[PDB]
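Written below as structure tokens is the structure these notes are about.
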Amino acid sequence: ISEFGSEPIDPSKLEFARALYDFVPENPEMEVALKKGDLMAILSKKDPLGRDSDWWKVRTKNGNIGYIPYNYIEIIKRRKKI
Amino acid sequence: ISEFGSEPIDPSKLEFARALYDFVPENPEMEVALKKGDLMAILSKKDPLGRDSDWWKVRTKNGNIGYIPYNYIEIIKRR
Amino acid sequence: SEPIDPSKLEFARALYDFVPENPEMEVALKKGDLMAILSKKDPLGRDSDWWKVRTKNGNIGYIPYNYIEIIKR
Amino acid sequence: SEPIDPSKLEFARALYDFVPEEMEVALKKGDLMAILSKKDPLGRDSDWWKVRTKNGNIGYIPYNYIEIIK
């Protein structure tokens with residue numbers, strides 16, 4: 001495949017988020033570190049096995065890709081309500 | 001007054017809390033730092049003016065005293 | 001100290017007074033003071049919450065970043 | 001580095017492999033080490049800790065890569 005799969009991605013379904021709290025990975029190999037107010041792209045809401053998980057894989061401003069607890073972030077809403 | 005007022009206190013009313021997330025004060029003079037997991041004793045839920053607030057005054061493990069957002073902590077429940 | 005990149009050179013204003021506890025590496029600041037940020041890194045290279053600054057009086061030293069505010073255009 | 005207090009002397013095991021940042025120490029899942037200090041070259045609370053490898057190597061490592069034993 002490609003970095004983001006094989007089929008086309010609809011840019012309208014791409015979600016963004018802002019970290020609500022600082023976060024230090026308990027697992028430095030699977031997770032990413034966050035500072036309150038960081039923005040990121042939500043790449044997937046499934047674990048490595050393909051299961052629905054409360055840990056979401058994201059891509060931070062740094063370019064780092066790892067998981068973060070869903071309740072530690074805020075999905076930016078449409079138009080302006082961030 | 002004493003450190004905690006003048007009227008006797010009811011023990012089964014004192015609440016303790018556990019930090020849910022790390023917290024860095026935006027106001028170092030009014031707030032206390034925190035690390036996820038930290039224990040504390042809740043002194044009061046009133047702001048410095050006596051009003052209700054989302055900022056509670058706590059006594060940390062260290063002995064520090066300051067305010068922390070209420071949604072950043074978890075009040076420990078019973079037996 | 002170290003020659004600063006003209007990109008990351010920022011000036012800060014102190015929001016609260018800071019009384020050094022360890023004047024060895026800590027600098028004194030009074031609410032409202034102006035200072036240049038020398039580095040956002042710790043003694044041993046690594047992003048820390050203690051920034052190295054330069055006082056208006058030329059004093060170098062570390063300070064907690066939440067005591068200051070970057071003066072933005 | 002310097003004399004440690006018999007109260008704060010702890011041993012840790014490496015939870016995940018760690019690759020040096022030559023100014024710090026290298027780790028491999030499973031390795032043992034003694035935690036000399038949970039501070040920095042300044043003395044303030046830090047995420048990085050100073051340790052001594054089983055091979056006598058000293059240097060800093062991210063505290064979330066290790067686990068204090070017992």
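Following the order of the structure tokens, first chain is A, next is B, and so on, with residues numbered from 1 inside each chain and ligands from 1 in the order they appear.
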
task = Could you please select, counting only C-alpha atoms, the residues of chain B within 9 Å of chain A and state them as a list in words?
result = residues 21, 22, 23, 24 and 72 of chain B

inquiry  = For a quick test of understanding: name the residues of chain D lying within 8 Å of chain A when counting only C-alpha atoms, and present them as a VMD selection string.
reply    = chain D and resid 16 64 to 65

Resulting file, chosen residues, N, CA and C atoms, as a PDB file, in the first residue's frame:
ATOM      1  N   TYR D  16      11.633  -0.978  27.826  1.00  0.00           N
ATOM      2  CA  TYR D  16      11.770  -0.936  26.376  1.00  0.00           C
ATOM      3  C   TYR D  16      13.195  -0.566  26.012  1.00  0.00           C
ATOM      4  N   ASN D  64      10.153   6.962  31.726  1.00  0.00           N
ATOM      5  CA  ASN D  64       9.085   6.057  31.292  1.00  0.00           C
ATOM      6  C   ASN D  64       9.581   4.828  30.520  1.00  0.00           C
ATOM      7  N   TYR D  65      10.893   4.723  30.369  1.00  0.00           N
ATOM      8  CA  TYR D  65      11.495   3.574  29.701  1.00  0.00           C
ATOM      9  C   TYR D  65      11.867   2.519  30.731  1.00  0.00           C
TER      10      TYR D  65
END

message = I need the contact residues of chain D against chain C, so if you could list those with any atom within 8 Å, counting only C-alpha atoms, and return them as a PyMOL selection string, that would help.
response = chain D and resi 40-42

I'd like a table as a tab-separated table: residues in chain B with an atom no more than 8 Å from chain C, each row giving the shortest atom pair and its distance in Å to one decimal, only C-alpha atoms counted, sorted by chain and rising residue number.
residue	atom	partner	partner_atom	distance
B:25	CA	C:66	CA	7.1
B:26	CA	C:66	CA	5.8
B:27	CA	C:66	CA	7.1
B:28	CA	C:67	CA	6.9
B:29	CA	C:16	CA	7.8

message = Can you measure CA of residue 54 in chain A to CA of residue 73 in chain A for me? One decimal in Å is fine.
response = 11.3 Å
